[PDB]
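First, one chain by itself: the form deposited in one PDB entry, in structure tokens.
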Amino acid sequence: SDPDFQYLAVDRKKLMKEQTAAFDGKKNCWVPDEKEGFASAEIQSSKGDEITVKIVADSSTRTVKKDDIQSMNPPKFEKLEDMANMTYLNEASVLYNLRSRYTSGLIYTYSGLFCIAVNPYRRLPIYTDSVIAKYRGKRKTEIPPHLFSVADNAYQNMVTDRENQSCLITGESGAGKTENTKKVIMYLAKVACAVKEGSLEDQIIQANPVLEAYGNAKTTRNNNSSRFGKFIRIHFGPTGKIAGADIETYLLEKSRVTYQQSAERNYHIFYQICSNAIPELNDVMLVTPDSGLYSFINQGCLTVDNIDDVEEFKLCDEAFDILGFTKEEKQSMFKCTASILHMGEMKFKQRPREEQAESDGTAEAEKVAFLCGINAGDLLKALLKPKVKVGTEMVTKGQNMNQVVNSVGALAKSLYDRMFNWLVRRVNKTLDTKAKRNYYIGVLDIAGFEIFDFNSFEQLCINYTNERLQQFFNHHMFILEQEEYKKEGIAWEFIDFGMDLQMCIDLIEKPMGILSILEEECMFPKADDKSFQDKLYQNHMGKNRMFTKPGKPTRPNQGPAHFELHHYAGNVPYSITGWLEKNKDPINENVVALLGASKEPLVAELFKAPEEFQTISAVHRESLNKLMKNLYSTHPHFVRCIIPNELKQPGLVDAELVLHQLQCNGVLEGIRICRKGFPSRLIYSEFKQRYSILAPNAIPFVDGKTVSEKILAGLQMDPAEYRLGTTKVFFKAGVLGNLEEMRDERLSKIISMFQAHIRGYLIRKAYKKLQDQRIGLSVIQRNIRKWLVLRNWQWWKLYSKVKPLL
């Protein structure tokens, strides 16, 4: 009952006293305000354009420009569920609606075709199994806004239209993408499931605890930041049930493996592998239950405020079990993880006179070679003095201190990335059931947009992907939307909402671009950081308005900057130091040869040559395009996540930060095209079968369009509310939802008529008897009356006294 709608619905009873206020659209209005973004004001003085208001907030006075004022919606629209229904669609109204709901506990709000999700920063009782039970098969307009309706609506469209769907969850770092991705998958897994190691559903869910252990790590913005992107496809069979699932990963930040910045951590897997949560494993990995003991993970923080590294390690172990992993594969992974931990502890020194580099004990290199399945002596040899071959030769040569710390770092980075990708394949192996697949629902969760005090390649790459996804949204929400109208013969004058990021995207992606210059300079044996900065400034400085010389530092303690990039979500100062190196990853075939033939099964697999790499940017640029295209083949459903404030605090709203997010996101624009265009569209085939019942009148097959025309015509639908396409019928916002209501009113009526027919049959059955019982009762009442009149007749009361003696 109502109880489950605690943090989902609007009381409206107590909120009925919130829509019953003294309002006046001529008096009350929104006025810009440094603090709260917009302040509720009440107009007073008049002066051509110099309008003088009174800010209700602090009962103060202020004079604003008649052009800075914004219309305020009446109380009637408080905490409105779908913002596209407000009377005034302006940045202030949208801000107030979300803020109002946010403070009430309502974190989900619809805005035309997409959904808005504000991070709650605390657990809400809205994801139980009971809530899931109330959202199944529901229409968005029929039940409160919830991430679940988006998932369901996605499922409904997939079976109805027979087309793949994709849920794109966008947002800045920490806005709540991953959290929402989880619930969407959990929801589909509990309404689409079919009839040691668990079932498929269970496995889809357990796939999360492990990838996150290896792919997430504390960050200034997120204590559980996702340092890799993932596209997960859930497959469906004929009967509309789950039949498999695959996962795809994108750009796993390898720098974090051997380095961390202040107040930041290495991947979670490292701290839980040293949590002594499972003692019987310390001797399998050979580690001391002390994280602050290893240099590869003790550079920053060791513990996270809301992360219990212990229980988390237990859940990880369990996940691996439910995932169908043997005790071997499972321990195989755990070991290679510790191998890296130890790699950081290996010590080296520069030989006495020949200032070069040599071993310095072997306790650590021994533990390493042990877990990895090789010879500790064959290891240090390949690190201290390699034999660079040429075609089929060898050139033995030693190295110095930094040359060696890099080769070891490189070995850690390679083993980890190589193992993460193995973890994914293995997981897909499990989720790949050979059931029949017809359609899929894809969920995308990339690493959100972010700005650190120091931004390098990592951030360029990430913000790039976000740039390109925001563009996939406006192209789809503003350009295709309109191309579609025109293509259907609909008279439509094109509108330009000003949502195009090609400039910044082409600056990075195209041949002119940064990544192209970077890719070019990895082919030059002696390219330098300075050389790169030149080619960049040469083709873009003062030459492109998106490329800009680093402005004046606007934050406490921020590292070197070589150029700023005007991204959709903000301007970012990048440092191009070490990029040439980070882009192309050196493959020391001396060590890949060793690890190649390792007694260790996993490591042996992780390192296989073949039979008889490009740069990272090239790989990323291609992969991103391969995916961006696959998404055009689907029907996107967008969820826009939003981070409330910068304190990870519940209920606190930073008006300027939210506004900034609503702006670059294009929320306002999205709501406008929804009310300016025809968001609803239905192929005539589907329209017929769903609404013929709204006018059974006809029906003496008949083509779909004609039938669709008779129904709308006969329904007296204002010709302005819809358009007959050449294939689909388009509806204004709000329309198709009332037809759904009528169609339900109709169904409830037809049902009540069938019930009256039953009531009428029960009676008509008892008719014969009723009239035959009228005969019976008239006879009974008549003969009882005679009997009475007689027994009480003076005369009879005499004929009986004499009768005896006759």
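All residue numbers refer to positions in the sequence shown, first residue = 1. Whichever C-alpha set is largest while still superposing within 1.5 Å between the two forms counts as the rigid core.
Cross-entry absence of residue 12, a third or more of other PDB entries
yes, residue 12 frequently unmodelled elsewhere, at least a third of entries.
Find out whether the coordinates of residue 352 are absent in at least a third of the other compared PDB entries of the same protein.
Yes, residue 352 lacks coordinates in at least a third of the other entries compared.
Gap size, residue 613 back to residue 612 (deposited sequence, no coordinates)
Gap between residue 612 and residue 613: 10 or more residues without coordinates.
When you step from residue 195 to residue 196 in this entry, do you jump over none, 1 to 3, 4 to 9, or 10 or more residues of the deposited sequence that have no coordinates?
The entry has 10 or more unmodelled residues between residue 195 and residue 196.
Given 125-133 and 512-520, the range whose Cα B-factors average higher in the PDB entry
Mean CA B-factor is higher for 512-520.
Which of the two stretches, 22-30 or 41-49, shows the higher mean Cα temperature factor in the record?
Comparing 22-30 with 41-49, the higher average CA B-factor belongs to 41-49.
Out of 79, 353, 487, 230, which shows the largest CA B-factor listed in the entry?
Answer, based on the entry's C-alpha B-factors: 353.
Member of 735, 390, 631, 427 with the greatest C-alpha B factor (per the PDB record)
By C-alpha B-factor in the record, 390 ranks first.
Please place residue 104 in the lowest, middle or highest third of its chain by C-alpha B factor as given in the entry.
Middle third.
Rank-wise, by C-alpha B-factor, drop residue 742 into the lowest, middle or highest third of its chain.
For residue 742, whose C-alpha B-factor we compare with every modelled residue in the chain, the answer is the middle third.
Can you work out whether the C-alpha temperature factor of residue 120 puts it in the lowest, middle or highest third of the chain?
For residue 120, the deposited C-alpha B-factor lands in the lowest third.
Using the B-factors in the PDB entry, rank residue 57's C-alpha atom against the chain and give the third, lowest, middle or highest.
Ranked within chain, residue 57 CA B lands in the highest tercile.
Sort the modelled residues of this chain by their C-alpha B factor and say whether residue 719 lands in the lowest, middle or highest third.
Tercile = middle for this residue's CA B-factor.
Missing here is the form deposited in another entry; even so, the following discussion is about that form.
Which listed residue (216, 332, 219, 575) has a Cα shift of at least 2 Å between the shown form and the other one, rigid core superposed?
After core superposition, the single residue displaced by 2 Å or more is 575.
When you overlay the rigid core, is the Cα of residue 341 off by 2 Å or more between the shown form and the other one?
It does not reach a 2 Å shift.
Following rigid core alignment, is the displacement of the residue 739 C-alpha between the shown form and the other one equal to or greater than 2 angstroms?
Moves: yes, 2 Å or greater.
Does residue 542 move its CA by 2 angstroms or more between the shown form and the other one when the core is aligned?
Indeed, residue 542 is displaced by 2 Å or more.
Change in CA distance between residue 484 and residue 111 in that other deposited form, which is 3 Å or more, as closer or farther
Their C-alpha distance shrinks by at least 3 Å in that other deposited form.
Having a change of 3 Å or more in the C-alpha distance between residue 110 and residue 486, I'd like to know whether it is closer or farther in that other deposited form than in the form here.
Closer, not farther.
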